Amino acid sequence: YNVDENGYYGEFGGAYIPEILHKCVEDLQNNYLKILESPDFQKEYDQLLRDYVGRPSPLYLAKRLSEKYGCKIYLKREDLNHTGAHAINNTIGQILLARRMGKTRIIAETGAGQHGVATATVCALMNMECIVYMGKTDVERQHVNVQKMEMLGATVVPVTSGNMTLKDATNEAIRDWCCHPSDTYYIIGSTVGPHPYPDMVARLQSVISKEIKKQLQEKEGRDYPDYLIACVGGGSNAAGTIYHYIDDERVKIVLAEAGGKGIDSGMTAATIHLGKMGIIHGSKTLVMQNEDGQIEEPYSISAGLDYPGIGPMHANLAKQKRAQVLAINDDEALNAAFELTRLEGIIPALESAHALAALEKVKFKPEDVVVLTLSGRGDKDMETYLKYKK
């Protein structure tokens, strides 16, 4: 269920792009693995993960949370990463690749602002020009992260097309990318876009499941859990979380996508529940489509889940029934965020709370071992959490 030699996961994936990018995408294909696997990349990569990011991220037995659901739940604490989310695993990896390929101008899209902060973070470290596209809606709702990016010296470009969300910021980044093939590297923020971006970002996040294996070995005497649970906007934290377990049928995979106001409300981002075959941002995958077959304007309270497409990996997983996918609504997420706060003293990202909310919908046995990926911390969503509390 991992990628094939042509960029495909079953029938989903590939690279579907105008000729203007054919050259630089082709360079990226058939160099990215050479670079990822070189001893130089892997040393500097691993050194920055350890000293800069603070990997490995803990695997934490959440005791009161385990008592509520009548089983053993561990949280993979990506929320403790430098910059507060899993995104930084990806930006560190991609910036090292970008430099190996001689690129000098860095762009990215962001919804939650975690990928934007993680991109401005590594660009300041490296002293490289940073431009971050962000939907206007998102710059309002995730303003703490816009501030961080501006202090880090990045240029934040509000995007005013569509409903001004991730798909739109991505559209703008892609337009930027098209005008600047020579000098610009595009740090895509999820397991989305043209091959090799899905597999690349999956590889860079795989460190998550590499650690889980070792940490479960220490704690449980076996290297596999009964369940992996992760939210999914485009697929990147889930991918990392499942990479080294993707084919291992002892491990059940539960993914939580954003149901918004409910999958039938006309306001949602439940791509698996609602999507049809399309091309989105250079990938042939499942995507929400409106009544004239346009890519649909999605909704979610969560900026990082609010994307109408899904990575081709998860399109495939879902289609094959290797992974079960749940639509989780705004309210369910909000309540699960308040849940982890009072139970474990951890304020989660609204994104990650979609994953937490899924614990209500699964029939656990007492001997079950669950690993849920806490993809980030909720500092960004405090205004929203406190509004909800009133």
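Numbering starts at 1 and runs along the sequence shown.
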Ranked by mean Cα B-factor in the entry, 297-305 and 175-183, top stretch is 175-183
Going by the entry, of stretches 96-104 and 159-167 the one with greater average Cα B-factor is 96-104
Highest recorded Cα temperature factor - choice among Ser352, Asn31, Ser57, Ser66 | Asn31
Among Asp223, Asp199, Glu211, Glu78, which carries the highest Cα B-factor?
-> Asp223
Would you mind ranking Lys23 by its C-alpha B-factor against the rest of the chain and naming the third, lowest, middle or highest?
-> highest
With respect to C-alpha B-factor, does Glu150 fall in the lowest, middle or highest third of the chain as deposited?
-> middle
Assert third(CA B-factor, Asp51) within chain per record equals lowest
Of the three thirds of the chain ranked by Cα temperature factor, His143 occupies the highest
For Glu339, the third of its chain into which the C-alpha B factor falls = middle
